[PDB]
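Content type mmCIF, N, CA, C and O atoms, from the file input18.cif:
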data_work
#
loop_
_atom_site.label_atom_id
_atom_site.label_comp_id
_atom_site.auth_asym_id
_atom_site.auth_seq_id
_atom_site.Cartn_x
_atom_site.Cartn_y
_atom_site.Cartn_z
N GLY A 1 -178.68 25.87 130.00
CA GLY A 1 -177.33 26.39 129.99
C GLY A 1 -176.59 26.10 131.28
O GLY A 1 -176.76 26.80 132.28
N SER A 2 -175.76 25.06 131.26
CA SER A 2 -174.99 24.68 132.44
C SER A 2 -173.85 25.65 132.69
O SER A 2 -173.54 26.50 131.84
N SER A 3 -173.21 25.54 133.85
CA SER A 3 -172.11 26.41 134.21
C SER A 3 -170.77 25.73 133.95
O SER A 3 -169.92 26.25 133.22
N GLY A 4 -170.58 24.56 134.55
CA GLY A 4 -169.34 23.83 134.37
C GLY A 4 -169.40 22.43 134.96
O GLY A 4 -170.40 22.05 135.58
N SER A 5 -168.34 21.66 134.77
CA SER A 5 -168.28 20.29 135.27
C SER A 5 -166.83 19.82 135.39
O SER A 5 -165.91 20.50 134.94
N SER A 6 -166.65 18.65 136.00
CA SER A 6 -165.32 18.09 136.18
C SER A 6 -165.00 17.09 135.08
O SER A 6 -165.39 15.92 135.15
N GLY A 7 -164.28 17.55 134.06
CA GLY A 7 -163.91 16.68 132.95
C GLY A 7 -162.53 16.07 133.12
O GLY A 7 -161.53 16.68 132.74
N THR A 8 -162.48 14.88 133.70
CA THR A 8 -161.21 14.19 133.91
C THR A 8 -160.98 13.12 132.86
O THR A 8 -161.93 12.57 132.29
N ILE A 9 -159.71 12.81 132.60
CA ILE A 9 -159.35 11.80 131.61
C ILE A 9 -159.85 10.42 132.03
O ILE A 9 -160.39 9.67 131.22
N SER A 10 -159.66 10.10 133.31
CA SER A 10 -160.09 8.81 133.84
C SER A 10 -161.54 8.53 133.49
O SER A 10 -161.89 7.42 133.09
N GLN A 11 -162.39 9.55 133.63
CA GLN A 11 -163.81 9.41 133.33
C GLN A 11 -164.01 8.91 131.90
O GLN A 11 -165.04 8.31 131.59
N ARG A 12 -163.03 9.16 131.05
CA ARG A 12 -163.10 8.73 129.65
C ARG A 12 -162.74 7.26 129.52
O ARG A 12 -161.99 6.70 130.31
N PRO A 13 -163.30 6.61 128.48
CA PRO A 13 -163.05 5.19 128.21
C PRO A 13 -161.62 4.93 127.74
O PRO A 13 -161.10 5.64 126.89
N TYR A 14 -161.00 3.90 128.30
CA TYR A 14 -159.63 3.54 127.94
C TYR A 14 -159.42 3.65 126.43
O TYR A 14 -158.59 4.43 125.96
N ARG A 15 -160.18 2.85 125.68
CA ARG A 15 -160.08 2.86 124.22
C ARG A 15 -159.74 4.25 123.70
O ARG A 15 -158.66 4.48 123.17
N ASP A 16 -160.68 5.18 123.87
CA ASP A 16 -160.48 6.55 123.42
C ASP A 16 -159.09 7.05 123.78
O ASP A 16 -158.32 7.46 122.91
N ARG A 17 -158.77 7.01 125.07
CA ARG A 17 -157.47 7.46 125.55
C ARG A 17 -156.34 6.83 124.73
O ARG A 17 -155.33 7.47 124.45
N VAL A 18 -156.53 5.57 124.35
CA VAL A 18 -155.53 4.86 123.57
C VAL A 18 -155.46 5.39 122.15
O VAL A 18 -154.44 5.96 121.74
N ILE A 19 -156.54 5.21 121.39
CA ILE A 19 -156.60 5.68 120.02
C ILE A 19 -156.12 7.13 119.91
O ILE A 19 -155.36 7.48 119.00
N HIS A 20 -156.58 7.97 120.83
CA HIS A 20 -156.20 9.38 120.84
C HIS A 20 -154.68 9.53 120.81
O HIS A 20 -154.16 10.54 120.33
N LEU A 21 -153.98 8.53 121.33
CA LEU A 21 -152.52 8.56 121.37
C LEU A 21 -151.94 7.97 120.09
O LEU A 21 -151.04 8.55 119.47
N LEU A 22 -152.45 6.81 119.69
CA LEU A 22 -151.98 6.14 118.48
C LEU A 22 -152.28 6.97 117.24
O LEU A 22 -151.64 6.82 116.21
N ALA A 23 -153.26 7.87 117.36
CA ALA A 23 -153.64 8.73 116.25
C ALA A 23 -152.44 9.49 115.71
O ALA A 23 -151.97 9.24 114.60
N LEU A 24 -151.94 10.44 116.50
CA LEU A 24 -150.78 11.24 116.10
C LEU A 24 -149.71 10.37 115.46
O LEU A 24 -149.16 10.71 114.41
N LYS A 25 -149.41 9.24 116.10
CA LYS A 25 -148.41 8.31 115.59
C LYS A 25 -148.57 6.93 116.22
O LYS A 25 -149.33 6.76 117.17
N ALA A 26 -147.84 5.96 115.69
CA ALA A 26 -147.90 4.59 116.20
C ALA A 26 -147.15 4.47 117.52
O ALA A 26 -146.11 5.10 117.71
N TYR A 27 -147.68 3.65 118.42
CA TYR A 27 -147.06 3.45 119.72
C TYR A 27 -146.92 1.96 120.03
O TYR A 27 -147.67 1.13 119.51
N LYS A 28 -145.95 1.62 120.88
CA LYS A 28 -145.71 0.24 121.26
C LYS A 28 -146.50 -0.13 122.52
O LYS A 28 -146.72 0.72 123.39
N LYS A 29 -146.92 -1.38 122.60
CA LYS A 29 -147.68 -1.86 123.76
C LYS A 29 -147.19 -1.19 125.04
O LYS A 29 -147.96 -0.59 125.79
N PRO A 30 -145.88 -1.30 125.30
CA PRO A 30 -145.26 -0.71 126.50
C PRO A 30 -145.23 0.81 126.44
O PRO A 30 -145.64 1.48 127.38
N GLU A 31 -144.73 1.35 125.33
CA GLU A 31 -144.64 2.79 125.15
C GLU A 31 -146.00 3.45 125.37
O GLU A 31 -146.20 4.20 126.33
N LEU A 32 -146.93 3.17 124.46
CA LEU A 32 -148.28 3.73 124.55
C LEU A 32 -148.71 3.90 126.01
O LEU A 32 -149.26 4.92 126.39
N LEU A 33 -148.44 2.87 126.81
CA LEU A 33 -148.80 2.90 128.23
C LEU A 33 -148.08 4.04 128.95
O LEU A 33 -148.72 4.88 129.58
N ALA A 34 -146.76 4.05 128.84
CA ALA A 34 -145.96 5.09 129.48
C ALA A 34 -146.62 6.45 129.36
O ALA A 34 -146.38 7.35 130.17
N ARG A 35 -147.46 6.61 128.34
CA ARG A 35 -148.16 7.87 128.11
C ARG A 35 -149.44 7.93 128.93
O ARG A 35 -149.74 8.96 129.55
N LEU A 36 -150.20 6.84 128.94
CA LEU A 36 -151.45 6.77 129.69
C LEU A 36 -151.18 6.54 131.17
O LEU A 36 -151.65 7.29 132.02
N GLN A 37 -150.43 5.48 131.47
CA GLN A 37 -150.10 5.15 132.85
C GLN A 37 -149.90 6.41 133.69
O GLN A 37 -150.41 6.52 134.80
N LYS A 38 -149.15 7.36 133.14
CA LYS A 38 -148.89 8.62 133.83
C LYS A 38 -150.15 9.15 134.51
O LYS A 38 -150.18 9.34 135.72
N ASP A 39 -151.19 9.37 133.71
CA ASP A 39 -152.46 9.87 134.24
C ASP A 39 -153.13 8.82 135.12
O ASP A 39 -153.94 9.16 135.99
N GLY A 40 -152.80 7.56 134.89
CA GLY A 40 -153.38 6.48 135.67
C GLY A 40 -154.02 5.42 134.81
O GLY A 40 -155.04 5.67 134.16
N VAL A 41 -153.43 4.23 134.79
CA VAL A 41 -153.95 3.12 134.00
C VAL A 41 -154.44 1.99 134.89
O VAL A 41 -153.68 1.46 135.71
N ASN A 42 -155.70 1.61 134.73
CA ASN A 42 -156.29 0.54 135.52
C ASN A 42 -155.61 -0.80 135.21
O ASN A 42 -155.35 -1.12 134.06
N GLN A 43 -155.31 -1.56 136.26
CA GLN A 43 -154.66 -2.85 136.11
C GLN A 43 -155.48 -3.77 135.21
O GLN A 43 -154.95 -4.37 134.27
N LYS A 44 -156.77 -3.88 135.50
CA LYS A 44 -157.66 -4.72 134.72
C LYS A 44 -157.64 -4.33 133.25
O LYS A 44 -157.93 -5.14 132.37
N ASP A 45 -157.28 -3.07 132.98
CA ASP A 45 -157.21 -2.57 131.62
C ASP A 45 -155.84 -2.84 131.01
O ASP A 45 -155.72 -3.13 129.81
N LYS A 46 -154.80 -2.74 131.83
CA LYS A 46 -153.44 -2.98 131.37
C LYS A 46 -153.37 -4.19 130.46
O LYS A 46 -152.58 -4.23 129.51
N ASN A 47 -154.20 -5.19 130.74
CA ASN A 47 -154.24 -6.41 129.94
C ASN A 47 -155.10 -6.21 128.70
O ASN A 47 -154.74 -6.65 127.60
N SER A 48 -156.25 -5.56 128.87
CA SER A 48 -157.16 -5.32 127.76
C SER A 48 -156.49 -4.48 126.68
O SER A 48 -156.74 -4.67 125.49
N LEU A 49 -155.64 -3.55 127.10
CA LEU A 49 -154.93 -2.68 126.16
C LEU A 49 -154.48 -3.46 124.93
O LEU A 49 -154.83 -3.12 123.80
N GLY A 50 -153.70 -4.52 125.15
CA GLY A 50 -153.22 -5.33 124.05
C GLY A 50 -154.32 -5.70 123.08
O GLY A 50 -154.10 -5.73 121.87
N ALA A 51 -155.51 -5.97 123.60
CA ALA A 51 -156.65 -6.34 122.77
C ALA A 51 -157.19 -5.13 122.02
O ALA A 51 -157.53 -5.22 120.84
N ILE A 52 -157.27 -3.99 122.71
CA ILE A 52 -157.76 -2.77 122.10
C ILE A 52 -156.86 -2.31 120.96
O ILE A 52 -157.34 -1.97 119.87
N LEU A 53 -155.56 -2.31 121.21
CA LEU A 53 -154.59 -1.90 120.20
C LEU A 53 -154.87 -2.58 118.86
O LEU A 53 -154.63 -2.01 117.80
N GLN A 54 -155.39 -3.80 118.92
CA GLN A 54 -155.71 -4.56 117.72
C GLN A 54 -157.13 -4.27 117.25
O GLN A 54 -157.47 -4.50 116.09
N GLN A 55 -157.95 -3.76 118.16
CA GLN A 55 -159.34 -3.44 117.84
C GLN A 55 -159.45 -2.05 117.23
O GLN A 55 -160.40 -1.75 116.51
N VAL A 56 -158.47 -1.20 117.53
CA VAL A 56 -158.45 0.16 117.00
C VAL A 56 -157.15 0.45 116.27
O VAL A 56 -157.09 1.36 115.43
N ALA A 57 -156.12 -0.32 116.58
CA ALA A 57 -154.81 -0.14 115.95
C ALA A 57 -154.34 -1.44 115.30
O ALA A 57 -155.01 -2.47 115.40
N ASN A 58 -153.19 -1.39 114.64
CA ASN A 58 -152.62 -2.56 113.98
C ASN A 58 -151.14 -2.69 114.29
O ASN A 58 -150.35 -1.79 114.01
N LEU A 59 -150.76 -3.83 114.87
CA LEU A 59 -149.36 -4.08 115.21
C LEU A 59 -148.56 -4.50 113.98
O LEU A 59 -148.98 -5.39 113.24
N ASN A 60 -147.42 -3.85 113.78
CA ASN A 60 -146.57 -4.16 112.64
C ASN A 60 -145.30 -4.88 113.09
O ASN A 60 -144.38 -4.26 113.63
N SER A 61 -145.25 -6.18 112.86
CA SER A 61 -144.10 -6.99 113.24
C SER A 61 -142.79 -6.27 112.89
O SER A 61 -141.76 -6.50 113.51
N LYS A 62 -142.86 -5.40 111.89
CA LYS A 62 -141.69 -4.64 111.46
C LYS A 62 -140.98 -4.00 112.65
O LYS A 62 -139.86 -4.38 113.00
N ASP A 63 -141.65 -3.03 113.27
CA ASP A 63 -141.08 -2.34 114.42
C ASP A 63 -141.94 -2.57 115.67
O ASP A 63 -141.92 -1.77 116.60
N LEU A 64 -142.69 -3.66 115.66
CA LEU A 64 -143.56 -3.99 116.79
C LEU A 64 -144.30 -2.76 117.29
O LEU A 64 -144.57 -2.63 118.49
N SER A 65 -144.63 -1.85 116.37
CA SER A 65 -145.33 -0.63 116.72
C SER A 65 -146.79 -0.69 116.27
O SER A 65 -147.08 -1.12 115.15
N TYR A 66 -147.69 -0.27 117.14
CA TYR A 66 -149.12 -0.28 116.84
C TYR A 66 -149.52 0.97 116.06
O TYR A 66 -149.17 2.09 116.44
N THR A 67 -150.25 0.77 114.96
CA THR A 67 -150.69 1.88 114.13
C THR A 67 -152.20 2.06 114.22
O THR A 67 -152.97 1.13 113.98
N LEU A 68 -152.63 3.27 114.58
CA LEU A 68 -154.05 3.58 114.71
C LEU A 68 -154.76 3.40 113.38
O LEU A 68 -154.41 4.03 112.38
N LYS A 69 -155.77 2.54 113.36
CA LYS A 69 -156.54 2.28 112.15
C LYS A 69 -156.97 3.59 111.49
O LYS A 69 -156.69 4.67 112.00
N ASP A 70 -157.66 3.48 110.36
CA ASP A 70 -158.13 4.65 109.63
C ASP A 70 -159.52 5.06 110.10
O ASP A 70 -159.71 6.16 110.61
N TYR A 71 -160.49 4.16 109.93
CA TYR A 71 -161.86 4.43 110.33
C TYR A 71 -161.91 4.97 111.75
O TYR A 71 -162.63 5.93 112.04
N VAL A 72 -161.15 4.35 112.65
CA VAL A 72 -161.11 4.77 114.04
C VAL A 72 -160.95 6.28 114.16
O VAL A 72 -161.51 6.91 115.05
N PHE A 73 -160.17 6.86 113.24
CA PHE A 73 -159.94 8.30 113.24
C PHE A 73 -161.25 9.07 113.40
O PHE A 73 -161.29 10.14 113.99
N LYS A 74 -162.32 8.50 112.86
CA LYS A 74 -163.64 9.13 112.94
C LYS A 74 -164.21 9.02 114.35
O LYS A 74 -164.98 9.88 114.78
N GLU A 75 -163.83 7.97 115.06
CA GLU A 75 -164.30 7.75 116.42
C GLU A 75 -163.61 8.70 117.39
O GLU A 75 -164.14 9.00 118.46
N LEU A 76 -162.43 9.16 117.01
CA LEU A 76 -161.66 10.08 117.85
C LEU A 76 -162.49 11.30 118.23
O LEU A 76 -163.64 11.43 117.81
N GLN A 77 -161.90 12.19 119.01
CA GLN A 77 -162.58 13.41 119.44
C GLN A 77 -161.71 14.64 119.20
O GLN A 77 -160.66 14.79 119.81
N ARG A 78 -162.17 15.51 118.31
CA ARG A 78 -161.43 16.73 117.99
C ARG A 78 -161.27 17.61 119.23
O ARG A 78 -160.42 18.50 119.26
N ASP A 79 -162.09 17.35 120.24
CA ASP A 79 -162.03 18.12 121.48
C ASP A 79 -161.38 17.30 122.60
O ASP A 79 -161.73 17.46 123.77
N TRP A 80 -160.44 16.44 122.22
CA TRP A 80 -159.75 15.61 123.19
C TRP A 80 -158.79 16.44 124.04
O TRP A 80 -157.93 17.15 123.52
N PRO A 81 -158.94 16.34 125.37
CA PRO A 81 -158.09 17.08 126.31
C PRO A 81 -156.66 16.56 126.34
O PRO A 81 -155.82 17.07 127.07
N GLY A 82 -156.39 15.54 125.53
CA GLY A 82 -155.06 14.96 125.47
C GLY A 82 -154.20 15.60 124.40
O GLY A 82 -153.00 15.33 124.32
N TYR A 83 -154.81 16.44 123.57
CA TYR A 83 -154.09 17.11 122.50
C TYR A 83 -153.69 18.52 122.91
O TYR A 83 -154.55 19.38 123.11
N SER A 84 -152.39 18.75 123.02
CA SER A 84 -151.88 20.06 123.41
C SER A 84 -152.06 21.07 122.28
O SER A 84 -152.53 20.73 121.19
N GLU A 85 -151.69 22.32 122.55
CA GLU A 85 -151.81 23.38 121.55
C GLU A 85 -151.25 22.94 120.21
O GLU A 85 -151.64 23.44 119.16
N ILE A 86 -150.32 21.99 120.25
CA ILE A 86 -149.70 21.47 119.03
C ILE A 86 -150.41 20.22 118.54
O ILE A 86 -150.88 20.17 117.40
N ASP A 87 -150.49 19.21 119.40
CA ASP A 87 -151.15 17.96 119.05
C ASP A 87 -152.44 18.22 118.29
O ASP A 87 -152.63 17.71 117.18
N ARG A 88 -153.32 19.02 118.88
CA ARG A 88 -154.60 19.35 118.25
C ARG A 88 -154.41 19.68 116.77
O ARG A 88 -155.10 19.15 115.91
N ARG A 89 -153.46 20.57 116.49
CA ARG A 89 -153.18 20.98 115.12
C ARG A 89 -152.43 19.88 114.37
O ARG A 89 -152.41 19.87 113.14
N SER A 90 -151.82 18.97 115.12
CA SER A 90 -151.07 17.88 114.52
C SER A 90 -151.99 16.71 114.17
O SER A 90 -151.64 15.85 113.36
N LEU A 91 -153.16 16.69 114.79
CA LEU A 91 -154.13 15.63 114.55
C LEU A 91 -155.10 16.02 113.44
O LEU A 91 -155.43 15.21 112.57
N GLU A 92 -155.55 17.27 113.47
CA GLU A 92 -156.48 17.77 112.46
C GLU A 92 -156.03 17.37 111.06
O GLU A 92 -156.84 17.29 110.14
N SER A 93 -154.74 17.12 110.91
CA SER A 93 -154.18 16.73 109.62
C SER A 93 -154.62 15.32 109.24
O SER A 93 -155.42 15.14 108.32
N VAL A 94 -154.10 14.33 109.95
CA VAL A 94 -154.44 12.94 109.69
C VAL A 94 -155.91 12.79 109.33
O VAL A 94 -156.25 12.44 108.20
N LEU A 95 -156.79 13.07 110.29
CA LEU A 95 -158.22 12.97 110.07
C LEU A 95 -158.61 13.54 108.71
O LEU A 95 -159.46 12.99 108.01
N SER A 96 -157.97 14.65 108.33
CA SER A 96 -158.25 15.29 107.06
C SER A 96 -157.69 14.47 105.90
O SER A 96 -158.25 14.46 104.80
N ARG A 97 -156.59 13.77 106.15
CA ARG A 97 -155.96 12.94 105.14
C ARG A 97 -156.68 11.61 104.99
O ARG A 97 -156.69 11.00 103.92
N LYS A 98 -157.29 11.15 106.08
CA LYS A 98 -158.02 9.89 106.08
C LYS A 98 -159.50 10.11 105.77
O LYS A 98 -160.03 9.57 104.81
N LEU A 99 -160.15 10.92 106.61
CA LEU A 99 -161.57 11.21 106.43
C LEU A 99 -161.79 12.06 105.17
O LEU A 99 -161.69 13.28 105.21
N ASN A 100 -162.09 11.39 104.06
CA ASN A 100 -162.33 12.08 102.80
C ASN A 100 -163.29 13.25 102.99
O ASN A 100 -163.73 13.87 102.03
#
Show the structure stored in the file as structure tokens.
Amino acid sequence: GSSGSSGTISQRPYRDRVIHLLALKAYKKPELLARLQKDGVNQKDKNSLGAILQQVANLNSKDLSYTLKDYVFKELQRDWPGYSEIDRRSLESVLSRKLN
């Protein structure tokens, strides 16, 4: 039985941080960042992002917006520190709509 620990977002893998955002809704290469960058986005990752968005999300030429895949929803984390009192309840839906 541990007491506590330092759970920071940075310690988490970029991918997760990304999908966790695209989950609630689709985000644009630049936009999505504006959300992560805030907490701190690694330069070496800034480039990888584009690749991840396609590995976990899908870009729609329509509105050049990236859409979080379906299966990925399972990879997400219901205990993500990125989901506010609302987000959390706003995400539990999708997963429920996707994850049969």
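Between atom CA of residue 38 of chain A and atom CA of residue 10 of chain A the separation is 11.2 Å.
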What is the distance between atom CA of residue 34 of chain A and atom CA of residue 95 of chain A, in Å to one decimal?
24.3 Å
With a distance cut-off of 12 Å and only C-alpha atoms, select the neighbouring residues of residue 42 of chain A, excluding the residue or stretch itself and same-chain residues fewer than 6 positions from it, and output the selection as a ChimeraX atom specification.
/A:10-11,13-14,33,36,48-49
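Under the PyMOL selection byres ((chain A and resi 75-88) around 8), the matching residues in the shown file are residues 7, 9, 16, 17, 19, 20, 21, 24, 70, 71, 72, 73, 74, 89, 90, 91, 92, 93 and 94 of chain A.
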Backbone DSSP call of strand (DSSP E or B) for segment 23-73 of chain A, listed as a PDB file with N, CA, C and O atoms, keeping the file's coordinate frame:
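Written out: part15.pdb:
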ATOM      1  N   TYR A  27    -147.680   3.650 118.420  1.00  0.00           N
ATOM      2  CA  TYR A  27    -147.060   3.450 119.720  1.00  0.00           C
ATOM      3  C   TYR A  27    -146.920   1.960 120.030  1.00  0.00           C
ATOM      4  O   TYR A  27    -147.670   1.130 119.510  1.00  0.00           O
ATOM      5  N   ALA A  57    -156.120  -0.320 116.580  1.00  0.00           N
ATOM      6  CA  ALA A  57    -154.810  -0.140 115.950  1.00  0.00           C
ATOM      7  C   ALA A  57    -154.340  -1.440 115.300  1.00  0.00           C
ATOM      8  O   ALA A  57    -155.010  -2.470 115.400  1.00  0.00           O
ATOM      9  N   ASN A  58    -153.190  -1.390 114.640  1.00  0.00           N
ATOM     10  CA  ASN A  58    -152.620  -2.560 113.980  1.00  0.00           C
ATOM     11  C   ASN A  58    -151.140  -2.690 114.290  1.00  0.00           C
ATOM     12  O   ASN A  58    -150.350  -1.790 114.010  1.00  0.00           O
ATOM     13  N   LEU A  59    -150.760  -3.830 114.870  1.00  0.00           N
ATOM     14  CA  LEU A  59    -149.360  -4.080 115.210  1.00  0.00           C
ATOM     15  C   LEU A  59    -148.560  -4.500 113.980  1.00  0.00           C
ATOM     16  O   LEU A  59    -148.980  -5.390 113.240  1.00  0.00           O
ATOM     17  N   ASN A  60    -147.420  -3.850 113.780  1.00  0.00           N
ATOM     18  CA  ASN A  60    -146.570  -4.160 112.640  1.00  0.00           C
ATOM     19  C   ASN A  60    -145.300  -4.880 113.090  1.00  0.00           C
ATOM     20  O   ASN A  60    -144.380  -4.260 113.630  1.00  0.00           O
ATOM     21  N   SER A  65    -144.630  -1.850 116.370  1.00  0.00           N
ATOM     22  CA  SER A  65    -145.330  -0.630 116.720  1.00  0.00           C
ATOM     23  C   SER A  65    -146.790  -0.690 116.270  1.00  0.00           C
ATOM     24  O   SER A  65    -147.080  -1.120 115.150  1.00  0.00           O
ATOM     25  N   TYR A  66    -147.690  -0.270 117.140  1.00  0.00           N
ATOM     26  CA  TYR A  66    -149.120  -0.280 116.840  1.00  0.00           C
ATOM     27  C   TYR A  66    -149.520   0.970 116.060  1.00  0.00           C
ATOM     28  O   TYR A  66    -149.170   2.090 116.440  1.00  0.00           O
ATOM     29  N   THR A  67    -150.250   0.770 114.960  1.00  0.00           N
ATOM     30  CA  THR A  67    -150.690   1.880 114.130  1.00  0.00           C
ATOM     31  C   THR A  67    -152.200   2.060 114.220  1.00  0.00           C
ATOM     32  O   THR A  67    -152.970   1.130 113.980  1.00  0.00           O
ATOM     33  N   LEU A  68    -152.630   3.270 114.580  1.00  0.00           N
ATOM     34  CA  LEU A  68    -154.050   3.580 114.710  1.00  0.00           C
ATOM     35  C   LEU A  68    -154.760   3.400 113.380  1.00  0.00           C
ATOM     36  O   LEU A  68    -154.410   4.030 112.380  1.00  0.00           O
TER      37      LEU A  68
END
Going by DSSP on the backbone, which residues of segment 4-100 of chain A come out as alpha helix (DSSP H)? List them as a VMD selection string.
chain A and resid 14 to 24 29 to 39 43 to 56 72 to 75 87 to 98
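Atom pair atom CA of residue 23 of chain A / atom N of residue 58 of chain A has a distance of 10.3 Å (rounded to one decimal).
Excluding residue 29 of chain A itself and same-chain residues fewer than 5 positions from it, the residues having an atom within 12 Å of it are residues 18, 21, 22, 34, 35, 36, 37, 46, 47, 48, 49, 50, 51, 52, 53, 54, 57, 58, 59, 60, 63, 64, 65, 66 and 67 of chain A, counting only C-alpha atoms.
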From the list A:68, A:1, A:40, A:61, which residue is nearest residue 26 of chain A when using only C-alpha atoms?
A:68
